[PDB]
């Protein structure tokens with residue numbers, strides 16, 4: 001109803017069981033939807049896209065994310 005407590009996947013418009021490929025593929029698409037040039041409204045929201053895809057772009061960050069995340 002007001003679910004605002006989900007992980008980085010469900011921020012990024014990919015399911016909680018997306019591959020690293022599905023991340024970077026989706027990321028570009030969403031970037032083009034939310035880019036400040038063509039979306040002055042949602043420019044702050046762009047930051048949540050990066051903040052999610054960041055953790056999900058390094059294999060060591062992902063290693064900990066998968067089983068812990070708060071490190």
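We did not get these values from a lab; they are worked out from the coordinates using the rules stated. When we count neighbours, we look across all protein chains shown, and the Cβ atoms used for this are built from the backbone with ideal geometry, even at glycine.
How high is the relative contact order of the chain, given as a whole-number percent (alpha carbon pairs under 8 Å, six or more residues apart)?
Working: 50 pairs, mean separation 17.7, N = 71.
Reported as a whole number, the value is 25 percent.
Helix 43-55 sits at what angle to the longest principal axis of the chain, using alpha carbons and giving 0 to 90 degrees rounded to 10?
For 43-55 against the chain, the angle is about 20 degrees.
Mind sorting 10, 58 by how few other Cβ atoms lie within 10 Å of their own Cβ, fewest first?
Going from sparsest to densest Cβ surroundings: 58, 10.
Could you line up 28, 62 from fewest to most neighbouring Cβ atoms inside 10 Å?
Least crowded to most crowded, the residues run 28, 62.
Using a ≥ b ≥ c from the Cα gyration tensor of the chain (square roots of the eigenvalues), is it rounded, prolate or oblate, where a/c under 1.5 gives rounded and otherwise the larger of a/b and b/c decides, a/b for prolate? Please list the in-between numbers first.
On the way: a/c = 1.96, a/b = 1.55, b/c = 1.26.
Note, shape of the chain comes out prolate.
What is the distance, in nm, between label points placed 7 Å from the Cα along the Cα-to-Cβ direction at residue 35 and at residue 50?
Rounded to a tenth, the inter-label distance reads 1.5 nm.
Against the longest alpha carbon principal axis of the chain, how many degrees, from 0 to 90 and to the nearest 10, is the axis of helix 20-34 turned?
Here the helix axis deviates by roughly 20 degrees.
Just 23, 32, 12 to compare: in a GNM of the chain, with alpha carbon springs under 10 Å, which one fluctuates most?
Taking springs between Cα atoms under 10 Å, the residue moving most is 32.
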